[PDB]
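Protein chains in written order, with PDB author numbering: chain W, 1 to 231; chain X, 1 to 231; chain a, 1 to 231; chain 5, 1 to 231; chain Z, 1 to 231.
Idealized CB from N, CA, C, for every residue including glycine.
Beneath this line is the structure, given in structure tokens, with notes to follow.
Shown next as structure tokens:
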């Protein structure tokens, strides 16, 4: 990634094994979970295409998803080719050539030419384009190895209301659908699969208008709320 | 290692005992498996010929593999002797001698004579060549200690397609043959040594179809498929 | 047949005795085969009616086929006489007469007259009209002798697909079907009159399998007599 | 077929019968095997599309394979048609008719209408493109006679090496492996799937070997006699 | 192939299907036999490298031997490449580009290049250069079928002299043998192991006598072979 940004934002240092082991511990245990996306992003803000490749090829497990990520990136580098009819040398004497999808993806480009674009004035941000495409793929794998299953879950007769709404709101985050389809998940699907004693409170006070009332309401079904596993 | 933080300037910083502790603990655990090869390249980025030796000899185990690398680096040292002369014209202050394959190996040279070639204008690539001879040399270990006959690969009787292709790539990564051969293993042996019902769906789909189509297919063969347990 | 030039000077010669010696080998071998229908065409290029009659007369055996043909062609002469518009007569100097079913046979036309119509720009293409009449009867010959039944054809229980699939397309080579129906026969009935063990695999491969995978199906169920030996 | 004459005019030579009798015999004897392929190509030179139909459709046996070729030509005529649109650009007195996919196939174009593209400048190459879709079709059919697994086949215990070597190279000729691959099968698989007593010498002699040296290897399996075993 | 004078206003036309058809009929009837190679030597005069490889390709059988010919060919071309290094390359009024051994083998030349060398002055006859290497490929096979054992081919007193003629001249000519080797071989394998009543006869003649006086020797000799001599 680039280092010493207050001094100049031009001088580099290779990806840290500490950084890679925290990615490799995510990629085992949390790769399929929505939280992958901001942790990856925070880790790889300021990175080179070389850095973005090196995190994924460091991974020893989940080799189909690493392949799924490789597919998404070619599918996107293929779109850059149909989007941009780019030429080989400089179209303007005195300036850089334009990057292609392969130069963006890190196949046809040295660390020097990658940071040549980012450091050139004005910059051309060849890893800010790359990291987007790994986020398309992280969204694609979050679906592929781990779909929502929101019909399947429900509140059982001795099961707590708060913990069931904690699951549903995680499931609804992981969901990639439009807003109106998810709005029905909250105002009908939740109300339908809740226990009937929690159902009265759901239908009275509106889940599209309050939730704090219903964290205090409905504490018989799953039993007293201070004896709960999460505390 | 060399570190840089200001443009045009090189400066050394000493190898850490904690950098070495991490190294020798992932060699104890995983040996020289592909998850270590771009972690080592990231560990040894700036590393001198003095420091590389320092990583090579701090390892206590896996000595047959280490010895197969000692044979490999000095074969390459032998080859640098073959294609370049020995430096033996007389030297003076303000005159550097040109490296032998052993000066590149660090096995007849002091830190000052090394960091001199390396911080030079324009620099001599004395740290990058030795690193290369270990990265080739680990690929050389990996290919022998690779346990799995890719020719004799077969799907589990209750196994899902999704774990089968994931196992398939993971195994194929350490096999020796050039990538055109890997590509045909992937077409051939994955369609043929899947479980019988699947092997027909891949024939209907096609051997040359896109990896999403192949990853999606064959679910519920061998009993129900399954997904990551983070919702 | 005539002699081609670019001089318009189109001289005539009698049919080659060799062209007939090749044909009277072909009539004995291949006379009710699908092979004889463009193979007649291949030897009768530039034919006058007298060359088309001469091929007919030079056959000694298979008189029941040459007779059923000659019937068919006389029906087409008679068809063309009902098509013909009666009594146009010599109402233009510089204008050839309109041809009847007898002129196209060669029955009320002399050889010189015949080459006239042909060598005219645009032609009146009498010999080709006759040839199409003959090919049209030769199709009717193959239709009436050769296996053409789609409900009689079937595959036995330990019978290769390789030999079946071949004599299926040889059945429908000879048969007439409109395109829409010929799609339906190849799709529907070829799979359906297959044996239970092949047929499940052919349900499996379906219309989704490409014809290189489809029409080589069933080799591990048909055993060593259904696989190829390698010569 | 056609000969070029008098400053770009072409004039027909109708086929020789002794050509036509050979051509149908080679298919009747060897089917669609490797050898027919350069011989069809030679039949295909100096001929318009309509002749190539007369030569191809004369095949009366082998009709499943001929469906697999025919449906290749059907498919390739669609690719070519949707590639170049007929009559949608600039047009004027004296221009000739522009060719569809149907016209290259010789379905919707006439004999001297096929020559009309051929005698134009720049000239259009209707024969060679048609000839091209047939040759690609005939490279599919050779693999119908070749083994479905080339890893699982092996030489029997008392079986000749000379047959074995024959069989492997004739296999590589059907399959049409990539260049990295092919070089790796003559080195690895041929060695591994020889019989264990043919193995011991072929490992020892190795794969730099010259073919006579290699063919005079493994005569020990035959045992002692007056005959040598390479014959 | 090429028609008219090679050192003249040479012309090149498209290949007869007959020439490939005829050759491979001979090969399938008679294989690599002494009557055969002189037919191939007669065809080659006026055939281009592309034509010469199209004949070699048109042979479908006999493939361990056809490989040994392609290997022997490349071994002549490798030696030729090294012997005859390239001089200067493309010359604008000069040679279009100059051949190397793989060009003359057809391997890296297209037909317009093969025709441009022969239509240069001095003409380079690449099929005449090619022809001799190919005949060495034909010959290389037959020396394989020939016994190499001098112990086994030895004369003895029981069997007639005519019958040692095939065995002798088969092994002797299995490679290039000089006069010095042959007189060693005629004494040691033949004339020293004759019948004792023939030995003094053949000893006054000596090893470099003619074969017709060795064959007609032993006039007035009784014993084995005396009813089986020509005189």
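First through last residue of the alpha helix (DSSP H) which encompasses residue 115 (chain X): 111-119
Rounded Cβ spacing between residue 158 (chain X) and residue 222 (chain X) (contact assumed at less than 8 Å): Contact between residue 158 (chain X) and residue 222 (chain X) is confirmed by a C-beta separation of about 5 Å, below the 8 Å threshold.
Contacting positions in the segment 123-150 of chain 5 - beta carbon closer than 8 Å to chain a: Per Cβ criterion, the list reads 140, 144, 145, 146, 147 and 148.
Straight-line gap, residue 27 (chain 5) to residue 136 (chain a) (C-alpha atoms, nearest Å): 25 Å
Where residue 67 (chain a) falls: helix, strand or coil (DSSP): helix
Same chain, Cβ closer than 8 Å to residue 79 (chain 5), neighbours up to 5 away in sequence not counted: 101
Same chain, Cβ closer than 6 Å to residue 103 (chain Z), neighbours up to 5 away in sequence not counted: 109
Counted within 10 angstroms of its Cβ, other Cβ atoms place residue 45 (chain a) as buried (16 or more) or exposed: Burial call: buried.
Meets three-Cβ-pair contact criterion under 8 Å: the segment 146-165 of chain X and the segment 111-128 of chain X: Contact fails: fewer than three Cβ-Cβ distances are below 8 Å.
Nearest-angstrom Cα separation, counted from residue 197 (chain W) out to residue 155 (chain W): 11 Å
DSSP three-state assignment for residue 185 (chain a), whether helix, strand or coil: helix
contact_flag[the segment 25-40 of chain X, the segment 56-76 of chain W] where n(CB pairs < 8 Å) is 3 or more: yes
C-beta contact flag for residue 182 (chain W) and residue 191 (chain W) at 8 Å: no
Members of the segment 77-103 of chain Z near chain 5, C-beta cut-off 8 Å: none
Per-residue DSSP class, three states only, for residue 270 (chain a): One cannot answer for residue 270 (chain a) here, as it falls past the ends of chain a, which runs 1 to 231.
N- and C-terminal bounds of the alpha helix (DSSP H) containing residue 168 (chain a): 161-174
Pair within 8 Å by beta-carbon distance, residue 147 (chain a) and residue 225 (chain a): no
Residue 23 (chain W) classed as buried or exposed, judged by whether at least 16 other C-beta atoms fall within 10 angstroms: It counts as buried.
Test: residue 46 (chain a) CB closer than 8 Å to a CB of chain 5: yes
Own chain residues within Cβ distance below 6 Å of residue 55 (chain 5), not counting five before or after: 43
Residue-chain proximity (residue 229 (chain 5), chain Z), Cβ-Cβ < 8 Å: So, not an interface residue.
Proximity test, Cβ basis, 8 Å: residue 205 (chain a) and chain X: yes
CB contact check: residue 1 (chain W) to chain X, cutoff 8 Å: no
Between the CA atoms of residue 48 (chain W) and residue 114 (chain W) - distance to the nearest angstrom: 7 Å
Neighbouring residues, chain X, relative to residue 210 (chain a) (Cβ below 8 Å): 206
CB contact check: residue 23 (chain 5) to chain X, cutoff 8 Å: Judged by the 8 Å Cβ criterion, residue 23 (chain 5) is not in contact with chain X.
Residue-chain proximity (residue 57 (chain Z), chain 5), Cβ-Cβ < 8 Å: yes
Candidates 189 (chain 5), 193 (chain 5) and 162 (chain 5), of which the one nearest residue 67 (chain Z) by Cα: 162 (chain 5)
Residue 41 (chain a), buried or exposed, once every other Cβ within 10 Å from all chains shown has been counted against 16: So residue 41 (chain a) counts as buried.
For residue 10 (chain 5), the three-state DSSP class (helix, strand or coil): strand
Option nearest residue 38 (chain 5) by Cα separation, candidates 116 (chain 5), 209 (chain 5), 138 (chain 5) and 99 (chain 5): 138 (chain 5)
Residue 87 (chain 5) in three-state terms, based on DSSP: coil
Alpha-carbon spacing of residue 107 (chain Z) relative to residue 208 (chain 5), whole angstroms: 21 Å
Span of the alpha helix (DSSP H), counted from its first residue to its last, around residue 200 (chain X): 196-205
Residue 77 (chain Z) beta carbon less than 8 Å from that of residue 105 (chain Z): yes
Check whether residue 6 (chain Z) and residue 50 (chain Z) have beta carbons under 8 Å apart: no
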